[PDB]
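Cβ placement follows ideal geometry from the backbone for every residue including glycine, while neighbour counts extend to all protein chains displayed. Here, each number is a calculation from the coordinates, and none is a lab measurement.
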């Protein structure tokens, strides 16, 4: 909790991701950079913005719609993009 | 009588007690923190007419006196298992 | 300062209405994972629809955060944000997609975003 | 030492396959606990059936445990075990019962034990 | 993990357990209403079978495609499924039994053919790739015969057009409040139900316009009647299956509360001991 | 008087003992007096007239169905919706359309 | 000690303790005032001894006996906490009183399924 308070950001590595094949196991939802895109080349800046937000919200849809065992068209399109970028 | 925060009296008593080097107990409150609120609140009473007459040397005879108390406490996250609550 | 007297009933009843919907959504949200929306009722389906779109309309882009986002910052006046939340509260413009409420700022831009998509 | 360069790709890929299946089975246990297995997806039932077979095929008779099991002990070579796990993951054994995999040295012994039920 | 979030899990699971208890109570009540609707479906089919028996087994017996017997070169099934989950294995057990017989006929070279009631069976046989020509879906807890007319008209049309040779309905049976079973029963050609009488001499019908057209309408109405009876029994079997599933869910939720509370209380006690050790060892 | 039942597959519309009725058969009108002859015919959509025993005259609409008669017991097997080979063929095509989807 | 006198006169005696939990907590507070190191979930180190010193005087002797009926409060509803865990070592019988049985109007409101005796 001290070093999280001092630093400019956090990469969180998770064993549940590392065990499910997701190596490197960075958790997108809980990891942040306090400078962000101001430290990117501008090409990467465009592409990056879409990817992070789509992944974290895809995580919500995947939990919701699996136990519900359910489908809707835009949600389906979103979900199988989110799995493909993941 | 309304005591607006008995939680803030326990915290003030904890502060002053630790600065006097008294041994701490659970949640660092001193050992006698129950005796603090217990002797406070048990003064809130109804007293019969014979007590009033004896106290006031007969200047009042028929009436029964009382003091009702509404202490306030603040819980954290709805936890009632904390020491003071 | 969220007192009916000062803020006027206009603001107070709008705020308490939003708060009451979002608490009802949080109660449903857990058992929705068990029930989906299939076994939820029609009374629930309107409330969740209003709640999600209200919870999108609470977002805003900041002039500071254009660095992070590329989108320009927005400013929204008190009267306008009351009009927008009461507009979903009473007007219930579920005509519009859920992202039409998100990061837009003003009520007019929210409908215009839905007019564009 | 579990690196593609040190152990080769087939070993590495079989070990990551076993972990991936067994982790996914852990993710299913909470819904299985509350609702039971009939509410799983039709390939989630297949993962659970392979994961339980993998769990049992990790078990092995030891020569020092004859005082306990009484069963004769077994030595399994590396080539033989990776072939067994790869074959279960490809599903070439998906018609044997779980009990056939318990306390058997090699996959052969599992098909032989399934012949004895 | 962390006792403040563990206590959050406990409250979430407790809330979940109350709602499943409510769903058990509702499922039992809906089972009762759907088994009253089941008894009302009997009299229409029973009297229609007596009339068909009077014509078919009386001396005035005719030839008709639905009464005549032929060797199977293609086979059809009507199949009933739920629109809703939480029914346990009711659909899957029925579909497994169907897959065995559908395999057995097709090994004889018979092309199988399917009509689906309810969307679960539609989704399953689309994943299996079964040959489905018609469906109706979203009847929910209010089935109606006039919705069933489509898919049975297709299968009837293929039967007298000679593209089907035997037609089953595949459905569960509400044998009891406590127990139900998946079944496959042949509705065409007409089963040789004995229905033996001589009292037809004593009142014999005036055929207006003609006997054969009347007999075709009876056979068509009778098939529709049997399909609707199967659907209503499968709906009552759904409600009884959801009832027993929700009972098991409520008990498994309560049994998980009693384990999480041991984890929480052990973490509560350990946190007090560790903090008070740091305090007492912190002085001096 | 005779025991009449008017039934459909979903519900039983009416029943009881009856003095007479008037019914639109496939070929024409028919009156069932006490102890009428055995009969089988299809009946047309419309109102049918009941007079229950003790003379309580009534109208029941039926969407069609089958009539049968025999002297002691009589029944009508009513359809719920208008039945036509063309309309049912249209439903059969509708059913296929869903299968494609 | 008053019950010990009536026992020594040869009677059979009942001792009611209005809360045994408040004896335990009084022993904790005194132990903290004396400054002894705490134990377990912050209880005194002498917890099991001080309970034993009370409960072992309450017995049947060859002259008379003291039976005891003790009200018990369970902290946090937790039967694993040292105060319940220490007390239940000494109890022989256990009577549970129910709000539901009182709601039925049945009195005394003992619960027959959770009340037990060894």
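I'd like to know how the protein assembly as shown sits against the 2.2 N^0.38 Å rule of thumb: what's its Cα Rg over that expected value? Write out the running numbers ahead of the final one.
Values: Rg = 39.3 Å, N = 908, 2.2 N^0.38 = 29.3 Å.
The reported ratio for this selection is 1.34.
Calculate, for residue B:19 and residue A:48, the FRET efficiency according to 1/(1 + (r/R0)^6) with r their C-beta to C-beta distance and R0 56 Å; round to the nearest 0.05. Don't jump to the answer; show the numbers that get you there.
Values: r = 54 Å, r/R0 = 0.97.
Plugging the Cβ-Cβ distance into 1/(1 + (r/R0)^6) gives 0.55.
Where along chain D is the Cβ that lies nearest the axis linking it to chain C, and how many Å separate them?
Nearest-to-axis residue on chain D, with distance in whole Å, is D:34, 4.
Sort C:34-45, D:58-69, C:102-113 for me by packing, meaning the mean count of neighbouring Cβ atoms within 10 Å per residue, highest on top. It would help to have the intermediate numbers written out before the result.
On the way: C:34-45: 14.5, D:58-69: 11.2, C:102-113: 17.9.
Per-residue Cβ counts within 10 Å, averaged per peptide and sorted highest first, yield C:102-113, C:34-45, D:58-69.
For residue C:65, which inter-copy label distances result when the label point lies 7 Å beyond Cα on the Cα-to-Cβ vector, reported in nm to one decimal and in ascending order?
Label-point separations across copies, in nm and ascending: 5.6.
From other protein chains only, count the Cβ atoms within 10 Å of every residue's Cβ in E:278-284, then give the mean. Numbers along the way, then the final one.
On the way: counts 1, 9, 8, 1, 2, 5, 1.
Neighbouring Cβ atoms belonging to other protein chains average 4 per residue here.
Given points 7 Å out from each Cα along the Cα-Cβ axis, report the residue E:278 to residue C:24 separation in nanometres with one decimal.
With each label point 7 Å from Cα toward Cβ, the separation is 4.4 nm.
Of all DSSP beta bridges located in the protein assembly as shown, what percent are antiparallel, nearest 5? Could the numbers behind the result be given before it?
On the way: 51 of 83 bridges.
Given both bridge residues lie in the protein assembly as shown, the antiparallel proportion sits at roughly 60 percent.
Between the label point of residue C:49 and that of the same position in each other copy, find the distances and list them shortest first in nm, with every label point placed 7 Å from Cα along the Cα-to-C-beta direction.
Relative to the other copies, residue C:49 has label-point distances of 4.1 nm.
Calculate the FRET efficiency for residue G:36 and residue A:1 from the Cβ-Cβ distance with a Förster distance of 25 Å, rounded to the nearest 0.05.
Values: r = 33 Å, r/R0 = 1.33.
The formula returns an efficiency of 0.15 here.
Averaged over peptide G:23-30, how many Cβ atoms belonging to another chain are found within 10 Å of each residue's Cβ? Display every interim value, and only then the final one.
Details: counts 0, 0, 1, 1, 0, 4, 7, 2.
For peptide G:23-30, the averaged partner shielding equals 2.
Going 7 Å from the Cα of residue F:17 along its beta-carbon direction, which residues of the range F:45-81 have the amide nitrogen within less than 20 Å of the resulting point?
Residues passing the 20 Å test: F:50-58, F:69-76.
Residue E:72 to residue E:18: extension gain in nm, 0.36 nm per residue of separation minus the Cα-Cα distance?
Working: separation 54, 0.36 × 54 = 19.44 nm, distance 5.28 nm.
Going from the current span to full extension adds 14.2 nm.
With a point put 7 Å past each Cα toward its Cβ, work out how far residue E:252 is from residue B:5 in nm, to one decimal.
Distance between label points: 4.7 nm.
Please compute, for the alpha-carbon atoms of the range E:123-222, the extent along each of the three principal axes and give them in descending order in Å.
Per principal axis, max minus min of the Cα coordinates gives 55, 39, 27 Å.
Given label points at 7 Å from Cα along Cα→Cβ, what nm distances, shortest first, separate residue D:5 from the same residue in every other copy?
So the label point of residue D:5 gives 7.6 nm to the other copies.
Going by alpha carbons, how many degrees (0 to 90, nearest 10) lie between the helix axis of E:145-160 and the longest principal axis of chain E?
Once rounded, the angle reads 50 degrees.
Measuring from label point to label point, each 7 Å out along Cα→Cβ, what is the residue E:204 to residue C:49 span in nm?
Roughly 6.5 nm, to one decimal.
Quick one: give the max-minus-min coordinate of the C-alpha atoms of the range E:1-151 along each principal axis, largest first, in Å.
In descending order, the Cα extents are 81, 39, 22 Å.
So what's the angle, to the nearest 10 degrees on a 0 to 90 scale, between helix F:85-100 and the longest Cα principal axis of chain F?
40
Got a sec? Which residues in the range D:17-39 would a label at residue E:9 touch, if it sits 7 Å along Cα→Cβ and we count backbone N under 16 Å?
Residues D:26-35 fall inside that zone.
Binning at 5 angstrom from zero up to the longest distance, how are the C-alpha pair distances of chain E distributed in percent?
1, 5, 10, 12, 13, 11, 10, 8, 6, 5, 4, 3, 3, 2, 2, 2, 1, 1, 1, 0, 0, 0, 0
Can you check what the Kirkwood hydrodynamic radius comes to for the range E:154-197, Cα pairs only, in Å to one decimal?
Its Kirkwood hydrodynamic radius stands at 12.6 Å.
For chain A, max minus min Cα coordinate along each principal axis, in Å, sorted largest first?
43, 31, 21
Rank the residues B:56, E:217, F:75, A:7 as a footprinting-exposure proxy: fewest other Cβ atoms within 10 Å of their Cβ go first. Walk me through the numbers on the way to the answer.
Details: B:56 12, E:217 16, F:75 23, A:7 9.
In order of increasing Cβ crowding within 10 Å: A:7, B:56, E:217, F:75.
What FRET efficiency would be calculated for the residue pair residue G:79, residue D:12, taking the C-beta separation as r and a Förster radius of 35 Å, to the nearest 0.05?
Numbers: r = 50 Å, r/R0 = 1.44.
It comes to 0.10.
Please report, in Å, the Rg and the Dmax of the range D:2-117, where both are computed over Cα atoms only.
Final numbers for Rg and Dmax: 15.6, 44 Å.
Expressed as a whole number of Å, what is the distance separating the alpha-carbon centroids of the range F:55-98 and the range A:7-86?
Centre-to-centre (Cα) distance: 59 Å.
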